[PDB]
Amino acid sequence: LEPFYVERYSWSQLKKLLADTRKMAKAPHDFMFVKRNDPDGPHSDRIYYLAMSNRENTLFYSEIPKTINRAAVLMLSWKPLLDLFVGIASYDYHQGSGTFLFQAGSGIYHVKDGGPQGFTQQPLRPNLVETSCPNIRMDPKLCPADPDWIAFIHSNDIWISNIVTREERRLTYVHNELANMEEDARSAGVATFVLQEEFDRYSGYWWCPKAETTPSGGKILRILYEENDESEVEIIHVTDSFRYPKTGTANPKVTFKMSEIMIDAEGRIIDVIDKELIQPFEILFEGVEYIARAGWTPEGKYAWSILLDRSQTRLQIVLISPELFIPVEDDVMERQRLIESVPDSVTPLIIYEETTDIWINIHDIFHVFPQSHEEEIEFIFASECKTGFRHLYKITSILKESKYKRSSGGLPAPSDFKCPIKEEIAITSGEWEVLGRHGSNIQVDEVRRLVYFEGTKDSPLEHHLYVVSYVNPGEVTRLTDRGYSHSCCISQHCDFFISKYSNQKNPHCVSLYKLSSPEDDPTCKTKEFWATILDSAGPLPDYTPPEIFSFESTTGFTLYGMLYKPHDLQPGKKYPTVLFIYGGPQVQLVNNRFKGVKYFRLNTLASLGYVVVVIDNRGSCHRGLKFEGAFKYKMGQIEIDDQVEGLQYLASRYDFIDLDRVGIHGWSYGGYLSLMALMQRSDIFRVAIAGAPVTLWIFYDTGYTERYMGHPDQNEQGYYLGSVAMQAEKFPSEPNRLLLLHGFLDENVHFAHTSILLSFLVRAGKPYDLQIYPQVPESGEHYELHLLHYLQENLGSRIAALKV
């Protein structure tokens, strides 16, 4: 078997090759369906959505016709909703009023469409909400109970503002803008760094969906909101500064407040009353580090929250009555009578609790039914805690008065607020997961008593949409077609769904499907294609898709991989191999989706003469908790076995794979594994290129690290064995084998990781290559040029093998 040698391009030639082959718009999303209710007209529904038509991500609408010509294919045209001469990330809407609300740059704007006002046939001028606030307003939201009222965040404080009356009032005085960050670490209504980065919770305030009428003929509006104290939280610097909770250090001090807003009959503010918890957060919610999720019951009787312990191994869904909140009062005497005024019946309610020896994966599935009985609550939730696969469970929990009495002056026991479980029915089950993250949610038809959900049942390589009864769960009907991964949205009216779908051969597509029922059984569901929203571009002419492969592993699981065969393959000749790797939690690289946009350059590599290989090792997602839990406390210790195992699977089954000439490359967790690879399996991997790698888990945040690696105090040996900075001595003593790439201003994986590795590589007298991108298209081009040139001169080419 002869070794193949890649063309040795000059730097100038490689640059040109890359510029020619290079020669990604946000596909429509945030769909909403509004009925036309016009019997004489041709359209059942208008859909609104966000999309890029190098453009503003903006609002569009399309017309859903009552009938189609089933001989032809209908392509909906995109009608601009706004009169435009930055972007719109998200929008808010109120059905009764037809009020849209959204941020675009510095301005909060609003418009009406689809309400009592009727339906525009032309773009609307966005109406700016006037403000006196110096700085940018963030995270605006319509009050669902009065669309004249919005809320927003200015300088880490909650404000409300009336789009009719022009009235603007600050609700919280927790922070002053002209201040030092060491001086002021307090914020209200804003989710802190760890909750954004590690739990994907972006908002920290929640309009109560219902009014309460005042006897005068006015009303009370309400805002549940998280208030955070970051005083005790590590501060770090980047070429400004922010509060980063390093693993094993302090997370922010947290609590629930409730802003109660009295409005008169003319819609002017009478008074604002900031309320606090009757007993400090730490008493009422023992053991709870993070507020993962919060909102309200549909009628606003209770607020709810999903609460986690620091070790993220215990989850509690808790009901919080507005009555548990008493005004913020200076005088002890006056304050003392308020606490007596609160009855002992008004206690917190833990409607659900679960635990695992692995970890809770937080998700966006939680549906509450209307309350049929004061003493009960009925809800759908998803959990891996029963079977080790995320499944939907319909639960009834009893709102028993607690044993604990505040009047007595004692402290509450652990299980004092636990609620009995009347009913806990599994709606789904199997060796596959319900998806509850990154847009994946459920839709509940309360009339037909059905629930639409996305899942891995047909294959862990493809997402499909499914329906099932939550009343007598059995048959799970798949609604999307096989041979594609789907990302779906269901109309609130549950008579339509939209799928964004693709596969390795074909670019993403967006289609609309009409849902029907046979007249004899409403619970049974069929789908018919209705219209295209976004036509697939079509197979890329210059792009050759990889083949998906699998192999039963010695670890007892199937492992899936992608193999990019060298273009123009020669017989008898063995080729140099590049392993591209992520291999960390919460991510799957290997699935039936178009990889031609993001991983187009794995194709470019194949074109130069490299075998390219990707493998989802254990710890990767869409394979259930047991498969994910394999590296718990042992990050870095197993992933490279699985990668090597798969590489030897392929090498015995194909002989164009030259095992003497394997390179590995990855960003973030991949950068980490690329370093671990050269360190542990020096005999397999000739070169390792580490992009922005984790090199020292003690330099990484609480929410992520402690979930997978525990508190460092109780896992020094795992933290040590998983930290490449601490094991510098194990790298090769010959150069041209280790390449480090890092953004200087990285705020997720600090440059700190790369510098601390560099000081330890120097102490250990080890060689290294480094590249830095100090601030942007120009950086990307330099990366790809440097990567291809490094692989050529140090792996692929003639001169590379001479160099040893």
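Between two forms, the rigid core is defined as the largest C-alpha subset superposing within 1.5 Å. Residue positions are given as counts along the sequence shown, with the first one as 1.
In 9 other deposited structures of this protein, superposed by the rigid core, the C-alpha atoms of 176 to 184 lie farther from the shown form than the other of 725 to 733 and 176 to 184. Each structure in 9 other deposited structures of this protein is fitted to the shown form on the rigid core, and of 387 to 395 and 209 to 217 the C-alphas lie farther away on average for 209 to 217.
Compared with other entries of the same protein, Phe557 falls outside the group left without coordinates by a third of them; all model it where both flanks are modelled. Compared against other deposited entries of this protein, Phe366 counts as consistently modelled, with coordinates in all of those that resolve the residues around it and thus below the third mark. Going from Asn37 to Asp38, the model skips none of the deposited residues; the chain is continuous there. In this entry, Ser53 and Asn54 are separated by 1 to 3 residues of the deposited sequence that lack coordinates.
When the C-alpha B-factors of 540 to 548 and 451 to 459 are averaged, 540 to 548 comes out higher. Stretches 299 to 307 and 324 to 332 differ in mean CA B factor, with 324 to 332 having the higher one. If you compare the C-alpha temperature factors of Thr428, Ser415, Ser491, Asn127 in the entry, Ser415 comes out highest. Ranking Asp200, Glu639, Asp357, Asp616 by Cα temperature factor from the entry places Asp357 first.
Ranked against the other modelled residues of its chain, the C-alpha B-factor of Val776 as given in the entry falls in the highest third. Per-chain ranking of the deposited C-alpha B factor places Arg681 in the middle third.
Residue-level temperature factors show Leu787 in the middle third of its chain, judged at the C-alpha atom. When all modelled residues of the chain are sorted by CA temperature factor, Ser44 is found within the lowest third.
In this PDB entry, the Cα temperature factor of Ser759 sits in the middle third of its chain's modelled residues.
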